[PDB]
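To keep things simple, chains are lettered A, B, C, D, E and F as they appear, and every chain counts its residues starting from 1.
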Amino acid sequence: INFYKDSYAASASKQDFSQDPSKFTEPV
Amino acid sequence: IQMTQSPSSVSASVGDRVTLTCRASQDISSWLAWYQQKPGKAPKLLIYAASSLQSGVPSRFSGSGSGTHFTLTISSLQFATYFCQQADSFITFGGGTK
Amino acid sequence: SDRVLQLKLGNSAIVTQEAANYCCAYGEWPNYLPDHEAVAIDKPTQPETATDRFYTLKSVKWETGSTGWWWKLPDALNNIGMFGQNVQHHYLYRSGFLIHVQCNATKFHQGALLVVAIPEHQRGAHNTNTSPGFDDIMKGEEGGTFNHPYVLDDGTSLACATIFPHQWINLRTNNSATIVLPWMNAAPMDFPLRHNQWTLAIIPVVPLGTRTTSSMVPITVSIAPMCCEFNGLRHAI
Amino acid sequence: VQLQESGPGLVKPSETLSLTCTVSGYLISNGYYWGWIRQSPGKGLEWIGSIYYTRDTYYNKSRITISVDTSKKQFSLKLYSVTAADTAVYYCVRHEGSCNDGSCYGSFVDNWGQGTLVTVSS
Amino acid sequence: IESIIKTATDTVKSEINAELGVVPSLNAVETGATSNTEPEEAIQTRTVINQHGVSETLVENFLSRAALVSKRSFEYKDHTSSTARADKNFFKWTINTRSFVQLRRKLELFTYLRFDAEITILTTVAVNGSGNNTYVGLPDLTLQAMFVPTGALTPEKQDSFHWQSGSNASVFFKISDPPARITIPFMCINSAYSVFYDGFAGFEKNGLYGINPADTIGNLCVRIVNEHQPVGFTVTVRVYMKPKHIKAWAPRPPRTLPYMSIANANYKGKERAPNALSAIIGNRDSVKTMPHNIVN
Amino acid sequence: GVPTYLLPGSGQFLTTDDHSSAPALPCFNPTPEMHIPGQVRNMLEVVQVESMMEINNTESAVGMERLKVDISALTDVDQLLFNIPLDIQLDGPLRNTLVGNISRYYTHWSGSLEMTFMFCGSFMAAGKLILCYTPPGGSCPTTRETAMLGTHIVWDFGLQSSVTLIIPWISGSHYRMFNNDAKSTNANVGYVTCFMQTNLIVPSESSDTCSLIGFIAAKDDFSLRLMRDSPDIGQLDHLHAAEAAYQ
């Protein structure tokens, strides 16, 4: 629904479901 | 906190290094302001935070370290009642003069 | 097996009998600034085994009145070895900083040290509205000491300090902590003399205790740059 | 900034001690606690109380009921049951503090105003 | 291990365990790692398909909420008396998030942030009864908010010729309109904002510890384009900031003690048991006491 | 033209809306994104990290003395050491944790928690402890026989100086809410108690009192919902130097 030329003006992205917890739960 | 700012009502000549001391009951931090009430008018904040000057104030004054002693130094005399406010818990305005 | 560890970096080496499976900060090992990340178009110096050689800071005595100790990196090792010389002669750097904290005490001693590495540990002064100064933050190789380690001297909790890359030294189980750090900066290179990337804090949570003769117990820290490189190359200052 | 206060000075037997103070240079709705400090001959520079523009009203003696009105850019106090001990100079101040928790710290009186000698007589 | 995770993880049926040499409950905190123990290995469980999502806790869901960043009022009168300096039908403001403790404490859970901020200016007007008690009405005033990049000469007054906005991004909006909304890109010289800075800005010794000039977005100047009316008004301008396209690195402990200043991370702590320096958690009678436990 | 209808709720500024907005800086090129270690995409990654709790939240304990539970050699069998109110979203030993701080931003929570306890005594000190969890119903158990009836773990101090007691998800509903600092059916979690299984036997050269640090994290099952304003922070006025930002 973005009608602006600049890409940063789009709406928020709510589809990043790729979390990695071993960065903190297993930091070896 | 009760600020016993008064050693005496000290008298000094022009161009002296008069020194005022302000004792505190509690061991407050560098929270201390020095006010100058020229006779017949309202007081004015000379230095706050125990060492910091103001804008639009003569640069003839300085402040001590933290704690309880809290001295004040006038490098040149060139006359007013000098007050000592703790401003750590609330406003107290320990009575004193020069 | 996982308690015997040897680290060979250059001509220096460390051999540990009671290790605790050295950790890596955020699951990352240091690297060499690939060509896409690099911005400074100039050939960097990469002095290896001259730097990257396990420099050892001066030990600190663990006591009962001790609250904690901290060293900022590379502020701690900006004046020692060839690392300090390259830091002076160059304008930018990028390093790894493998850390090893040694602390020994007998089987009748009890204690625990939280050996944590805080990134961008902007610390604040206590009970004043004025900001910290230069000689307050920049302590060099002698480091500093916590006066309110409960709040990590920034108002934020110490209980949550295990979100940072950390290890423990429980005297009954291990006597060493080893933490490997990445670059960890929003910039590809940084001026070393003003900014500190990391802060190694050693806070004794459980105070040192024994009913024995109570002999001196020092804590020694060995810092080791990893994959450090420099750009700039102007005079010393 | 400029702080100007006005009220009855020589006429106050036992009634409420109403006294107002109009703020000139600063908008009284931007911060900077606004309060009253009386230089009594009996004590000397006692702090009565102060108020934030959110109507916070930190007091010293609790019978003063300080109030605020940012519409007319002024604030007032009201000393109840004044009997001959409240004869003072009654300065009208603003002080940079932080009473964020129910207690203040670092409240330094930068701007002071001018006195209003209030006499409790008859 | 990226492992796209959309809902919470399920459990499986557990049976009686007696195997020796393998101990799931025992672990090593000394190693700086979290216990890798499932609910299956500790207690005897049942099969449970969990349909609880994890979207409400996303970082862009956690942070992208329009929070108040500034609130400043100014008079719409005719300023003849030599006072109200820098505030005469206009105001300026250096955009910072460290002024309202909610958004500040929320943003200070991460060491670096990268987002495209979205600004929203909400304006209200109110008549002054300074010399009267008469409400004549509320005017339809146009305002101008000029975004001046930091380190650039801002308008010194509201009649000045610096408002013509040759290249400066500017916006005009009436009070009756919906709130003016724009988007600021990720305009940082680095790849992420530094929420916390462990260095000094410049090469000189006294360089304002903790403040990074690159983190500062810019400078926001707001005036009233209209000329003053015979009567005076008070215009309050609320700015709201909503981060978009957020990326966050290196989480941090949340702030416990109350904030003292906008410039630095100084602390004093409350007086009594909660959030003091000596005591962060409120006190209780003893370790073996319950603050409020059922007694029937 | 297109015939258009204006709905209710038009012009309103909902602070939680998700729309595209006007680019203030046109044709702006943002800085190339480098790789920084430690990226967080979900806030449920940092609730799964252990963090010390203040079980010793008493008056006599000051500072870091509040983060450890000093246990001593006892002369009476079956003795209670401490208890932990499991209030994850109200003031208590679990308030200042990572799971607790992140959870006080949300109203509803689910999933199971894990309590980890590390022994910080000497190597020559031996002992056995029993960590019990009793579901919400009823009072806190004061004797070991009534506390053993819930899910517990018996722990023997050896080389592995840390044990994990897991508080399983035991609830009728799918979620639990805060709703007050209250004792409600859909808010309470139960109690965690620690007794002496045998004793704390320690030689004479070792110190007689040995501390015990407790940690608390969340499993993969944990979940949070209905975000809110955290009560752990709040201001009554403008912070210092905030007026300097307007000049």
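One rule holds for everything that comes next: a residue touches a chain if its C-beta (ideal position, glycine included) is under 8 Å from a C-beta of that chain, and two chains touch if they have at least 3 such contacts.
Colleague: When contacts are scored as defined above, which chain pair ends up with more C-beta pairs, C-E or D-E?
Modeller: C-E
Colleague: Using CA atoms only, can you tell me which chain is the most central one in this structure?
Modeller: E
Colleague: Taking each chain's centre as the mean of its C-alpha atoms, which one ends up farthest from the centre of subunit C?
Modeller: Most remote chain from subunit C, centroid-wise, comes out as D.
Colleague: So the centre of each chain is just the mean of its C-alpha atoms; given that, what is the distance between subunit A and subunit F in Å?
Modeller: Comparing mean C-alpha positions, subunit F is 26 Å from subunit A.
Colleague: Taking each chain's centre as its mean C-alpha position, how far apart are subunit B and subunit E in Å?
Modeller: 39
Colleague: For subunit C and subunit D, let me know how many angstrom lie between their CA-based centres, rounded off.
Modeller: Each chain reduced to its C-alpha mean, subunit C and subunit D end up 54 Å apart.
Colleague: Let me have the rounded angstrom distance from the C-alpha centre of subunit A over to the C-alpha centre of subunit E, please.
Modeller: 19
Colleague: Any chance you could list the residues of subunit A touching two or more other chains?
Modeller: Touching at least two other chains: 6, 8-12, 14, 16-20, 22-28.
Colleague: Two-or-more-chain contact residues of subunit E, please, as numbers and ranges.
Modeller: 5, 28-34, 54, 58, 61, 64, 72, 87, 111-112, 116, 183, 185-186, 188, 190-192, 250-251, 253-256, 258-261, 263, 268, 277, 280 - these are the residues of subunit E that touch more than one other chain.
Colleague: Where in subunit C do residues touch two or more of the other chains?
Modeller: 21, 23, 25-27, 127-130, 148, 150, 157-160, 162-163, 165, 168, 170, 173, 184, 186
Colleague: Any two chains that touch count here, so list every such pair.
Modeller: Result for touching pairs of chains: A-C, A-E, A-F, B-C, B-D, C-E, C-F, D-E, D-F, E-F.
Colleague: Flag every residue of subunit A that touches subunit C in the complex, lowest number first.
Modeller: Interface residues on the subunit A side: 22-24, 26-28.
Colleague: Per the contact definition, I'd like the list of subunit D residues that touch subunit F in the complex.
Modeller: Residues 30-33, 52, 54, 56, 96, 98-101, 106.
Colleague: Residue numbers of subunit C touching subunit A in their complex, please.
Modeller: It is residues 21-27, 163, 165 of subunit C that touch subunit A.
Colleague: Taking the complex as given, what residues does subunit A use to touch subunit F?
Modeller: 1-6, 8-12, 14, 16-21, 23-25
Colleague: Can you check the complex and tell me which residues of subunit E touch subunit A?
Modeller: So the residues of subunit E touching subunit A come out as 1-6, 31-34, 36, 54-55, 58, 60-61, 64, 116, 183, 185-186, 244-245, 251.
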